[PDB]
Structures are given as C-alpha cells and as structure tokens.
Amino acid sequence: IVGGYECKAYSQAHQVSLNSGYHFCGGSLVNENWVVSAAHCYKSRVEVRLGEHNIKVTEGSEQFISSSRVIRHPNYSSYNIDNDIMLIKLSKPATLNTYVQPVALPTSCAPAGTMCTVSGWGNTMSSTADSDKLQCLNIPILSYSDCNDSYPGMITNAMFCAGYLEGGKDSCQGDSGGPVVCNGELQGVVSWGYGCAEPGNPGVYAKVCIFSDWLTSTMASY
C-alpha cells in the first residue's frame, strides 16, 4: 500500500496473510473455512495467517492455518490476468473472535464513485510507512470509461479500476489477493496495475460481484 495509513489494529478482521516462509499475498476470510484471494497468487499449499496486525511481531492474536485445498477460478487466464480469483479451503476452521471475522460477499456491484477500503502488507515505497504493519487506503471505484481509457482493451467484465488517475495512492506488489471493501462488502481482490501509484495507471481489481455463483457453489457443494 502506497500513500496509505496504518490501519487501526484489527479494524480489517477479514484480512489474512498468505505465507510460504514469508508473506507473499493477502486474502479475505469469507466464513470459518474459506479464504478468497487472487488466482495469480496460487501455490499448491499455503499457510494462512489470521489475526495479524504486525506480521513480524507475535501479538497473541494470530491463528496460523494450513490450506487443505487451493482452487483457482476455472477460467483464470494468466496471459491477461482475467478472472483473477481463487478459493482457499482452511485445513481446520478459523476461530471467530475479536481479531478474526469474515467479510460479507457483495449483494450488488458497487457503482463508480463508491469509496472503498484497500489494505495489505505490500510495498509502501515510503521510509515512514512500515509495510510490516497492516496499511489502509481509501480509494474510489472508477468508471469503466476511465479504466479502459487508462488500459485500452485490457479491461474485461471481470475487472474494475479503483484509485486516483493523478497517481500517489495505490495498492502494490504484496497487496495482491487482498480485499477491497465497500459499504461492508467484499467488492474486489487486489489484482494488477502498471507499477504502483503512477499517474494514469490506476489499480485493477477482480470484480467479486460477478463471481458469487461460483464462490457459493464451490464453498457449498465442495
């Protein structure tokens, strides 16, 4: 997260860290057994770390759970980073408490101009912002017109742009797979962008509201 602020600890209780000996991507707890992330973050096995604030300090709030299953969207395309969404089944259910709470799936697609929250432990590009401490950022959803104007012909139905065309504030590498929360629902998944916080290159996010049938179907009947 570039140009952000340190989240109030545990204010994003759904936020998880994907760990393979080190933090490499974010994700969102959706219920006790499943985590939503980005398909481009795929690894056959990962450790999910819940209840984190400072990922390099033991706080007493953490839960470290290994994955039992990692499911990439069936139409994920790495060429164009289309359908950049994945499901992670926890080997054991998470414990819901004051530190760990699921985030709701969206019951509608949020329109352009909606202010959202993005968070993560990715690069901050700043000497005073510690990427070790969960970072928060307020970002508005951009129109499809602005999004495609910025990345001509690269924006599919499965994506939406959010951020600032002026640059300066953005999600970045290491934030990938993390949440975009709007009005208390999970609207997006950190997915891609050209650089981080560069003028004219806003962040691109997987559009969660078009995947609700696949998500619930996968979580329920398997």
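Heads up: residue numbers just count along the shown sequence, starting at 1.
Novice: When the C-alpha temperature factors are averaged for each of 12-20 and 205-213, which stretch ends up with the higher value in the entry?
Specialist: It is 205-213.
Novice: If you average the CA temperature factors over each stretch, which comes out higher, 117-125 or 91-99?
Specialist: Between 117-125 and 91-99, it is 91-99.
Novice: With respect to the C-alpha temperature factors reported in the PDB entry, which of 147, 136, 110, 71 ranks highest?
Specialist: Checking the PDB record, the top C-alpha B-factor among 147, 136, 110, 71 is at 71.
Novice: Just say lowest, middle or highest third for the CA B-factor of residue 83 relative to the other modelled residues in its chain.
Specialist: Residue 83: CA B-factor falls in the middle third of its chain.
Novice: So where's residue 185 on the chain's Cα temperature factor ranking, which third?
Specialist: Lowest third.
Novice: Please place residue 174 in the lowest, middle or highest third of its chain by C-alpha B factor as given in the entry.
Specialist: Answer is middle: the recorded C-alpha B-factor places it there.
Novice: Quick check for you: using the entry's CA B-factors within this chain, is residue 162 in the lowest, middle or highest third?
Specialist: Within its chain, residue 162 is a middle-third residue by C-alpha B-factor, going by the deposited values.
Novice: Using the B-factors in the PDB entry, rank residue 156's C-alpha atom against the chain and give the third, lowest, middle or highest.
Specialist: According to the entry, residue 156 has a C-alpha B-factor in the chain's middle third.
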